[PDB]
Every structure is written in C-alpha cells, then in structure tokens.
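First the structure, in the form of structure tokens, and then the observations on it.
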Ligand SMILES: [Mg+2]
Ligand SMILES: [Mg+2]
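Numbering (the entry's author numbering), first residue to last: 0 to 266.
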C-alpha cells in the first residue's frame, strides 16, 4: 500500500527496526522468495531448531506437499526427498510463552478500556495474543501466558497428535487460522513472500508440488551479500498512522502485517 525507500527507513530508527541477520531466513521456492523473521522470544527452541536444520542444507529440494487453500502451505519433510530418515531430533512443543508485561509490551490496536479475558496486539512486528497483563501481579513468575496467533504470514511447526513431534516440517500461514492457536508452535513470520506462499500449488498432495529450492540464514552470508530487512516499530508514530488508516476496530489478524521491507544487495 505504501512503498518505503531504503534511505527513508535507514534515516528513521524511531519507526524502523533492523532485523538481526541471525533471525532472518531466505526460503527460495519455485514460486519466488520468502523472507522469514525468526521469533526467539516466542519459541526459542524452535528457532534454534530451524537454524540448525537450515544449516544442514537438508531443506533444499523439499516439497510443499500439503497445501490447503485458505489455510496454509506445509513443507519441510526432509525424509521424503532425502530418501532416508535425517539425523534430526524432535523439539518439544512451544505453543505459548510466559511474557513479562513490564518488559515485553504489546502495542494495542484499540486504546479503549479492555473488557475481555484476552486481547491482541503487536510486538516487534509479530502478532501476539495474551491473557490479561493484570494477572502478572500475582502469578508465581510475574508473567502471563501469551502466544503468536496463526495470522496470515505466520510460520509454524507441523506435528502429529503428539505435541512433541515437531521436527522439520513447517507450515506457511496463507490465511488466519485461529483454531491452531495454543496448539502449534509458531516461530516466525514472512516479512516478504506471503503472496508467494499463497501461490504455492494446492493439493494433498499436489500432483506436481512446488519446491523449497534452498534455505539460507542471512548471518551465514558474507556481509556484502546479506539482504537487509526492516520491520516497522509498532510503538512508533508511523504505525499509529497505519492503524488509524486501516481501522482500529480490527483484530490483529484482520489487519495487514506490520509493514516490513527487505532490500537486497546491489551487484
Ligand atoms: Mg490461500
Ligand atoms: Mg488489561
């Protein structure tokens, strides 16, 4: 809706947060590129797992083997294309995190007095849903339960009925899917490439699935080769204007994603 230049973003740290290259993953697919920001504060062990799997090279060539319109695109089944079970352990479910409301502060969408058991907002460009902050007054850890809801753009971990079976398979959220919330380990967000995810070939499985051609951690690239990503600061005034413009009656998943931009290197 609004295009932001690299110059305008770099000059304005009040409104733009630079993404850590070790939190930035490039998924090159047969429908285009997806840039994912990892969310270590939301799912620390899953974020470590994704870095680990990416760095094995084993995601390369994995299919998007389960793609459901209006839901998600699932990929990352290494065994299916490697031809053998990979040397890879499962990761325990991380469906919620314990948030300190004095430390990790959500930007609310509506400033009106809250009256529900839960609310949503943004932190570092990630959508967040939470139990009420007032519970932290008396909880044993002075924290409250929060999670990253499965809005379009979120990236999460596939699993079986076993909550600890997440390992390699992931899904790219194509549409708001709140029935997944608190049941699947969301761990990242597509800064760019939601449209790419929404274009992956549908099927269970597709006859001829799209492919995750390569995955790269940006921190593993030489400095001059690194794309540079920025995410609008939810607590800054440009985001206030964005909410004004888009509608503050909307829940976090009915808004667009937090404005984000990825700039690739010159030749
Ligand atoms: Mg769709
Ligand atoms: Mg409250």
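Even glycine gets a Cβ: it sits at the ideal position worked out from N, Cα and C.
Residues with their Cβ less than 6 Å from any non-hydrogen atom of ligand 2, running along the chain, are 113, 131, 132, 133.
Listed in chain order, the non-local C-beta contacts of residue 79 below 8 Å within the same chain comprise 61, 62, 64, local neighbours out to five positions each way being set aside. A distance filter of 6 Å between CB atoms and the heavy atoms of ligand 1 selects the following residues in sequence order: 68, 69, 173, 174, 197. By the Cβ neighbour-count rule, residue 24 is buried, with 16 or more other Cβ atoms within 10 Å of its own.
When rounded, the separation of the alpha-carbon atoms in residue 113 and residue 132 is 11 Å.
Within the same chain, Cβ atoms closer than 7 Å to the Cβ of residue 197 are found at 173, the five residues on either side in sequence being excluded. Separation of residue 13 and residue 125 (C-alpha to C-alpha, rounded to the nearest whole angstrom) is 18 Å. Under the DSSP assignment, residue 169 falls in the beta strand (DSSP E) whose first and last residues are 169–172. Within the DSSP bridge table, the entry for residue 153 names 188 as partners.
The Cβ-Cβ distance between residue 95 and residue 128 does not fall below 7 Å. Taking the Cα of residue 119 as reference, the smallest distance to any Cα among 262, 265, 252 is reached at 252. If you draw a straight line from the Cα of residue 264 to the Cα of residue 223, it comes to about 7 Å.
Residue range 236–245 is occupied by the alpha helix (DSSP H) that includes residue 236. With distances taken between CA atoms, residue 189 lies nearest to 18 out of 3, 18, 6, 10. When the five nearest sequence neighbours on each side are left out, the beta carbons in the same chain lying within less than 8 Å of the beta carbon of residue 236 are those of 13, 14, in order along the chain. In this chain, the beta strand (DSSP E) harbouring residue 227 covers 227–231. When DSSP states are grouped into helix, strand and coil, residue 217 belongs to the helix group. Contact between the region 78–93 and the region 27–46 is present: three or more C-beta pairs spanning the two stretches fall below 8 Å. Only buried fits residue 211, as 16 or more other CB atoms lie within 10 angstroms of its CB.
Below 8 Å, too few C-beta pairs join the region 167–182 and the region 133–140 to call them touching: fewer than three.
Counting other Cβ atoms within 10 Å of its Cβ, residue 2 stays below 16 and is therefore classed as exposed.
With respect to residue 208, residue 261 sits apart: the two C-beta atoms are not nearer than 7 Å.
If you ignore the 5 residues before and after residue 39, its C-beta comes within less than 6 Å of the C-beta of 46, all in its own chain and listed in chain order. For residue 4, the number of other beta carbons within 10 angstroms of its own is below 16, and it is reported as exposed.
At a Cβ-Cβ threshold of 7 Å, residue 66 and residue 201 count as neighbours. With 16 or more other Cβ atoms from the protein chains shown falling within 10 Å of its own Cβ, residue 155 counts as buried.
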